[PDB]
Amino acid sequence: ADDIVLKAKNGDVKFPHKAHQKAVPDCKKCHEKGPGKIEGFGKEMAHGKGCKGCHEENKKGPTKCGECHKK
């Protein structure tokens, strides 16, 4: 399947799946989550545990604005 881009107004955010599969071998961090996770995602999640927060705990991955958002 293809990578996805979240169409944030301030700049497109790429989600590269292969990097994540490799770096977070614990698949259950993202997969087999209960119902509602598609409807639940948004700016709060992205800037929290949905993207940024995981990067911060793992000590690797983009945490600055321009590292996620790119026109």
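Residues carry their position along the shown sequence, with the first being 1.
Participant: So 14-22 or 53-61, which one's hotter by mean CA B-factor in the entry?
Facilitator: Higher mean C-alpha B-factor: 53-61.
Participant: Select lowest, middle or highest to describe the third in which the CA B-factor of residue 69 falls within its chain in this entry.
Facilitator: CA B-factor rank for residue 69: lowest third.
Participant: Place residue 5 in the lowest, middle or highest third of its chain's C-alpha B-factors, as listed in the PDB entry.
Facilitator: Within its chain, residue 5 is a middle-third residue by C-alpha B-factor, going by the deposited values.
Participant: Taking the chain's C-alpha temperature factors as the reference, tell me which third residue 38 falls into: lowest, middle or highest.
Facilitator: Middle third.
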